[PDB]
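Working notes, beginning with the structure itself.
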Amino acid sequence: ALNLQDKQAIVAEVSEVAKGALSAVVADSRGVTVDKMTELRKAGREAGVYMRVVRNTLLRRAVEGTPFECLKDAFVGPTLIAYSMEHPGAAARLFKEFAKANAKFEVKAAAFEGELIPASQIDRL
Amino acid sequence: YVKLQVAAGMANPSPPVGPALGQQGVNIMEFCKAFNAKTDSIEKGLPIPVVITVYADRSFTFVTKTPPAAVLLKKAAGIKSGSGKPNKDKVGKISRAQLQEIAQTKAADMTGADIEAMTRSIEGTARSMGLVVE
Amino acid sequence: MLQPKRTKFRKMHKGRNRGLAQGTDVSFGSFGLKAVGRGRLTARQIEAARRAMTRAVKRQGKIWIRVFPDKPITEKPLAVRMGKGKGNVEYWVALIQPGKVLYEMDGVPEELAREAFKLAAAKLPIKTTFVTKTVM
Amino acid sequence: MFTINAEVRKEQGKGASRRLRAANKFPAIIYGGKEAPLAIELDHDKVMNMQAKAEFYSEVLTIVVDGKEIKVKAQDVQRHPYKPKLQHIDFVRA
Amino acid sequence: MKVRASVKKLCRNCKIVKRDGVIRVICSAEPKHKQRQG
RNA sequence: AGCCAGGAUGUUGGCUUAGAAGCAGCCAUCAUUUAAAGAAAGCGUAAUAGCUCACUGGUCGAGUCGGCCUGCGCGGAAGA
Ligand SMILES: [Zn+2]
């Protein structure tokens with residue numbers, strides 16, 4: 001399990017890569033094998049992208065660390081976030097082609113500049 | 001959608017190959033001799049893994065992947081059989097250059113980030129069968 | 001099966017078992033099997049039990065037996081009237097008072113020891129519990 | 001740090017002690033040093049859960065008696081034979 | 001139906017019950033674990 | 001607790017075996033991508049495949065787990 005100290009440190013790591021990151025993408029992680037997920041983790045370390053699946057009420061505490069607070073309603077449902085620490089984009093262009101490749105899950109809401117991007121307009125990134 | 005580990009230029013004995021993927025609708029001799037035509041390049045005596053992909057029409061496509069961590073560690077330490085008592089009884093040796101060759105072969109075959117991750121997974125299979133890394 | 005090598009006298013008075021135990025504490029092992037109830041332990045009982053907890057530990061750690069069957073019990077056989085002397089010596093026993101420590105143990109995981117002691121106590125006539133050695 | 005609350009014993013002997021033990025309280029003593037001995041009573045539970053730590057035996061604790069602390073160590077302790085209980089504690093002035 | 005005076009859980013799927021003032025052990029998995037006290 | 005999802009690569013770890021592939025048996029039990037995934041807790045195979053579990057993300061919404069000490073009860077408990 002996870003002690004309160006565990007959760008505290010992890011909130012500090014998500015808040016710490018969130019401050020350092022240029023852009024983020026929140027998505028549904030449900031209904032996909034660990035094979036295709038390690039495939040998007042290779043396509044992740046190759047694109048500079050930091051991949052995570054983190055607790056929701058943990059990510060309200062980490063995203064209270066600004067300026068991703070427009071995403072706190074995007075945390076209802078299973079949360080997989082892609083932070084591109086190197087480049088903006090390359091998460092939002094990789095996820096739409098991974099979700100069209102799999103035809104599972106969603107890829108719900110993005111965040112850039114301090115604002116949230118609705119699901120059909122993430123083609124901006 | 002089946003997998004086997006088949007010796008280098010070899011195929012079509014009854015107990016190892018024919019029944020296993022032959023109850024799945026696969027033509028046996030095309031797999032056998034296109035796999036000996038592909039893996040003619042693998043050294044004699046090494047089992048090489050082959051992933052057979054079967055479709056509703058019985059026409060199959062197989063990816064022959066690089067020889068196992070355990071087989072490239074049998075050959076890079078010089079040995080034949082590894083340990084029956086691993087890290088208690090130790091049966092051979094490989095310098096870090098062979099860990100890195102086997103982990104370039106398996107850099108084609110791993111999930112690893114760096115050749116240090118693939119060298120460390122070949123490190124793990126190096127501690128599994130007893131072999132010493134020197 | 002324990003029994004005194006040689007004795008001063010061959011037979012004994014039935015005696016009583018009264019009052020409480022000495023050696024209430026675990027002086028050797030980390031754990032011990034203490035007796036809550038009061039009763040006589042034949043050598044057979046002690047042996048069977050020691051066996052049980054010897055199977056249980058797969059011959060690891062160590063086992064002490066703190067009790068000894070030093071007092072001889074007699075029985076006249078069947079179909080024999082009263083008198084004509086005292087009966088012949090049948091077997092040996094150890095008098096047990098509440099709070100004695102029958103076996104000690106260590107060099108083993110606690111969980112396993114509670115187990116082995118349950119299995120040991122299955123073979124014993126008297127109420128028993130598990131205990132840990134303490135500082136002071 | 002361990003702080004034990006206590007009262008001065010107005011009675012003595014076997015009878016007093018066994019009424020003490022029936023009430024879920026138990027007798028102990030404080031001696032050593034220039035002073036006279038001080039016999040006191042304690043709550044069985046508090047102390048039973050307190051000596052459920054090891055340091056209790058290696059350390060300087062305090063005892064609150066009629067507004068007044070004393071600083072002491074654990075000297076020896078007699079336990080009931082089969083029960084998870086404490087018959088008594090020798091406290092030596094620290 | 002093992003009928004005895006000591007009744008126990010023989011696996012993880014055995015579930016203890018008191019029916020009509022009897023203690024029984026019921027299993028979904030293994031019919032052989034069906035017990036009653038007596 | 002339930003219910004949705006995943007339970008990964010090296011790899012069928014080596015030994016042994018006509019076969020052992022997490023699951024006859026012997027020994028090690030590492031490392032990788034990890035939210036998590038035991039060189040596997042059970043069913044399964046000629047050996048696989050196939051099925052849950054450990055573990056983790058989701059939904060849910062406030063108490064829950066199991067020992068200790070005792071009070072009174074239940075079973076153990078059949079005869080002319
Ligand atoms: Zn059962």
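Cβ placement follows ideal geometry from the backbone for every residue including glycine, while neighbour counts extend to all protein chains displayed. Readers should treat all values here as calculations from the given coordinates under stated rules, not as data from a laboratory.
Taking the range B:72-91 as the region of interest, how many residues are more than 22 Å from B:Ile42 (Cα to Cα) and either touching a strand residue (DSSP E or B) at 6+ places or on another chain (Cβ under 6 Å) or more than 9 Å from RNA strand F (Cβ to nearest atom) (or both)? Steps first, please.
Our first condition is that a residue be more than 22 Å from B:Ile42 (Cα to Cα); within the range B:72-91, this holds for B:83-91.
When the remaining residues are screened for being either touching a strand residue (DSSP E or B) at 6+ places or on another chain (Cβ under 6 Å) or more than 9 Å from RNA strand F (Cβ to nearest atom) (or both), the result is B:90.
The qualifying residues number 1.
Select, from A:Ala82, A:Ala47, A:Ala74, the only residue that is in a loop (DSSP other than H, G, I, E, B), more than 9 Å from RNA strand F (Cβ to nearest atom) and under 12 Å from the mean Cα position of the chain (by Cα).
Details: A:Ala82 fails: in a loop (DSSP other than H, G, I, E, B); A:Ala47 fails: under 12 Å from the mean Cα position of the chain (by Cα).
That would be A:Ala74, the only listed residue that is in a loop (DSSP other than H, G, I, E, B), more than 9 Å from RNA strand F (Cβ to nearest atom) and under 12 Å from the mean Cα position of the chain (by Cα).
Yes or no, residue by residue, for (1) under 12 Å from the mean Cα position of the chain (by Cα); (2) under 30 Å from C:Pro98 (Cα atoms); (3) in a loop (DSSP other than H, G, I, E, B):
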| position | (1), (2), (3) |
| --- | --- |
| D:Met1 | no, no, yes |
| D:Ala16 | no, yes, no |
| D:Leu42 | yes, yes, no |
| D:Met48 | yes, yes, no |
| D:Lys53 | no, yes, yes |
| D:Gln75 | yes, yes, no |
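Could you look through the range B:29-50, keep only residues that are within 14 Å of RNA strand F (Cβ to nearest atom), among the hydrophobic types (A, V, I, L, M, F, W, C) and without any contact (Cβ under 8 Å) to a residue 40 or more places away in the chain, and pick out the one that is farthest from B:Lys65 (Cα to Cα)?
Looking only at the range B:29-50, we keep the residues that are within 14 Å of RNA strand F (Cβ to nearest atom), and these are B:31, B:35, B:39, B:42, B:45-50.
Filter once more, so that each one left must be among the hydrophobic types (A, V, I, L, M, F, W, C): B:31, B:35, B:42, B:46, B:48, B:50.
Cutting the leftovers down to without any contact (Cβ under 8 Å) to a residue 40 or more places away in the chain gives us B:31, B:35, B:42, B:46.
Values: B:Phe31: 14, B:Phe35: 11, B:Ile42: 11, B:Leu46: 12 Å.
If we take residues in the range B:29-50 being within 14 Å of RNA strand F (Cβ to nearest atom), among the hydrophobic types (A, V, I, L, M, F, W, C) and without any contact (Cβ under 8 Å) to a residue 40 or more places away in the chain, then B:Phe31 is farthest from B:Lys65 (Cα to Cα).
Residue check, A:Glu13 against (1) closer than 21 Å to A:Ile122 by Cβ; (2) acidic (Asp, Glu); (3) more than 14 Å from every other protein chain (Cβ to nearest Cβ), all met but one. Which one?
(1)
Within the range D:60-82, can you find the residues that are within 14 Å of chain C (Cβ to nearest Cβ) and exposed (fewer than 14 other Cβ atoms within 10 Å of the Cβ)?
D:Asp76, D:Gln78, listed by residue number.
Kindly indicate the residue of the range E:1-22 that is among the β-branched types (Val, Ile, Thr) and exposed (fewer than 14 other Cβ atoms within 10 Å of the Cβ) and also nearest to RNA strand F (Cβ to nearest atom) among those meeting that condition. Step through it out loud before you land on a result.
Within the range E:1-22, the first condition is being among the β-branched types (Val, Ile, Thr), and the residues that meet it are E:3, E:7, E:16-17, E:22.
With the extra rule that they be exposed (fewer than 14 other Cβ atoms within 10 Å of the Cβ), the set shrinks to E:3, E:16-17, E:22.
Details: E:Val3: 9, E:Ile16: 12, E:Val17: 13, E:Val22: 7 Å.
Among them, the one singled out is E:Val22.
Just one of D:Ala6, D:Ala52, D:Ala23, D:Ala39 is within 14 Å of chain C (Cβ to nearest Cβ) and among the aliphatic types (A, V, I, L, M); which is it? Show your work before the answer.
Details: D:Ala6 fails: within 14 Å of chain C (Cβ to nearest Cβ); D:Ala23 fails: within 14 Å of chain C (Cβ to nearest Cβ); D:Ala39 fails: within 14 Å of chain C (Cβ to nearest Cβ).
D:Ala52 is the lone residue from the list that is within 14 Å of chain C (Cβ to nearest Cβ) and among the aliphatic types (A, V, I, L, M).
If you scan the range A:50-71, which residues turn out to be of a type in the set (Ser, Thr, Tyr) and more than 7 Å from RNA strand F (Cβ to nearest atom)? Give the steps one after another, and end with the answer.
Here is the first cut: in the range A:50-71, the ones of a type in the set (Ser, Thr, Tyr) are A:50, A:57, A:66.
Selection gives A:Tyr50, A:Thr66.
Give the residues of the range C:21-38 that are under 28 Å from C:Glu90 (Cβ atoms), within 9 Å of chain D (Cβ to nearest Cβ) and part of a loop (DSSP other than H, G, I, E, B), sorted by residue number.
Residues satisfying the conditions are C:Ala21, C:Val36, C:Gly37.
When the range B:28-83 is examined, which residues are found to be in a helix (DSSP H, G or I) and either in contact with a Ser or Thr (Cβ under 8 Å, 6 or more places away or on another chain) or charged (D, E, K, R) (or both)?
Of the range B:28-83, the ones in a helix (DSSP H, G or I) are B:28-41, B:69-76.
Residues satisfying the conditions are B:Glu30, B:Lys33, B:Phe35, B:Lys38, B:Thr39, B:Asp40, B:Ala69, B:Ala70, B:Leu72, B:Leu73, B:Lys74, B:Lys75.
Restricting attention to the range C:71-98, which residues are within 14 Å of chain D (Cβ to nearest Cβ) and of a type in the set (S, T, N, Q)? Give the steps one after another, and end with the answer.
Taking the range C:71-98 and keeping what is within 14 Å of chain D (Cβ to nearest Cβ), we get C:96-98.
Matches in the range C:71-98: C:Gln97 only.
Report yes if some residue within the range C:41-48 is in contact with a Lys or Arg (Cβ under 7 Å, 6 or more places away or on another chain), away from chain D (no Cβ under 14 Å) and loosely packed, with under 14 Cβ neighbours inside 10 Å; otherwise report no.
Step one: of the range C:41-48, the residues in contact with a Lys or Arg (Cβ under 7 Å, 6 or more places away or on another chain) are C:45, C:48.
The next check asks that each one be away from chain D (no Cβ under 14 Å); those that pass are C:45, C:48.
Keeping just the survivors that are loosely packed, with under 14 Cβ neighbours inside 10 Å gives none.
No, the range C:41-48 contains no residue that is in contact with a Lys or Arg (Cβ under 7 Å, 6 or more places away or on another chain), away from chain D (no Cβ under 14 Å) and loosely packed, with under 14 Cβ neighbours inside 10 Å.
Return the residues of the range C:95-125 that are aliphatic (A, V, I, L, M) and under 27 Å from C:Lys58 (Cβ atoms); say none if nothing qualifies.
C:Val101, C:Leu102, C:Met105, C:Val108, C:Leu112, C:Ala113, C:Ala116, C:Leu119, C:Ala120, C:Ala121, C:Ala122, C:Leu124
The rows are residues; the columns are (1) in a helix (DSSP H, G or I); (2) among the acidic types (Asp, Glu); (3) surrounded by 14 or more Cβ atoms within 10 Å (Cβ to Cβ).
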residue: A:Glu16; (1), (2), (3): yes, yes, no
residue: A:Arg52; (1), (2), (3): no, no, yes
residue: A:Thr57; (1), (2), (3): yes, no, no
residue: A:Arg60; (1), (2), (3): yes, no, yes
residue: A:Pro88; (1), (2), (3): no, no, yes
residue: A:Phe98; (1), (2), (3): yes, no, yes
residue: A:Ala111; (1), (2), (3): no, no, yes
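Looking at the range C:99-114, which of its residues are more than 14 Å from chain D (Cβ to nearest Cβ) and over 19 Å from C:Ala48 (Cβ atoms)? First the steps, then the outcome.
Pass one, the range C:99-114, residues more than 14 Å from chain D (Cβ to nearest Cβ): C:103-114.
Selection gives C:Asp106, C:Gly107, C:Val108, C:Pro109, C:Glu110, C:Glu111, C:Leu112, C:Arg114.
Please go through the range A:18-33 and give me each residue that is part of a loop (DSSP other than H, G, I, E, B) and among the β-branched types (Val, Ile, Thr), ordered by number. I'd like the intermediate steps shown before the answer.
Filtering the range A:18-33 down to residues part of a loop (DSSP other than H, G, I, E, B) leaves A:21-22, A:28-33.
If the condition is that a residue be part of a loop (DSSP other than H, G, I, E, B) and among the β-branched types (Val, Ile, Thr), then A:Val32, A:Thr33 are the ones that fit.
Which condition does D:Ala74 not pass, out of (1) in contact with a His (Cβ under 8 Å, 6 or more places away or on another chain); (2) among the aliphatic types (A, V, I, L, M); (3) closer than 25 Å to C:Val26 by Cβ, if it passes all the others?
For D:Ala74, the failing item is (1).
Specify which of the listed residues (C:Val26, C:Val36) is among the aliphatic types (A, V, I, L, M) and buried (at least 17 other Cβ atoms within 10 Å of the Cβ). Walk me through how you get there before you give the answer.
Numbers: C:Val36 fails: buried (at least 17 other Cβ atoms within 10 Å of the Cβ).
Going through C:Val26, C:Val36 in turn, the sole match is C:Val26.
Please work out which residue is nearest to C:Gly15 (Cα to Cα), limiting yourself to the range C:79-97 and to residues that are aliphatic (A, V, I, L, M) and surrounded by 12 or more Cβ atoms within 10 Å (Cβ to Cβ).
Filtering the range C:79-97 down to residues aliphatic (A, V, I, L, M) leaves C:79-80, C:82, C:89, C:93-96.
From what is left, the residues that are surrounded by 12 or more Cβ atoms within 10 Å (Cβ to Cβ) are C:89, C:93-96.
Numbers: C:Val89: 16, C:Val93: 12, C:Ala94: 12, C:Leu95: 10, C:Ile96: 13 Å.
If we take residues in the range C:79-97 being aliphatic (A, V, I, L, M) and surrounded by 12 or more Cβ atoms within 10 Å (Cβ to Cβ), then C:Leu95 is nearest to C:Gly15 (Cα to Cα).
Only one residue in A:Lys36, A:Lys42 is away from the ligand (no atom under 16 Å from the Cβ), touching a residue at least 40 places away in the same chain (Cβ under 8 Å), within 14 Å of another protein chain (Cβ to nearest Cβ) and surrounded by fewer than 18 Cβ atoms within 10 Å (Cβ to Cβ), so which one is that? I'd like the intermediate steps shown before the answer.
Numbers: A:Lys42 fails: touching a residue at least 40 places away in the same chain (Cβ under 8 Å).
Sole residue among the options that is away from the ligand (no atom under 16 Å from the Cβ), touching a residue at least 40 places away in the same chain (Cβ under 8 Å), within 14 Å of another protein chain (Cβ to nearest Cβ) and surrounded by fewer than 18 Cβ atoms within 10 Å (Cβ to Cβ): A:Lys36.
Please go through (1) away from chain C (no Cβ under 14 Å); (2) surrounded by fewer than 16 Cβ atoms within 10 Å (Cβ to Cβ); (3) of a type outside the set (A, V, I, L, M) for D:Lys85 and return the number of the only condition it doesn't satisfy.
For D:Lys85, the exception is condition (1).
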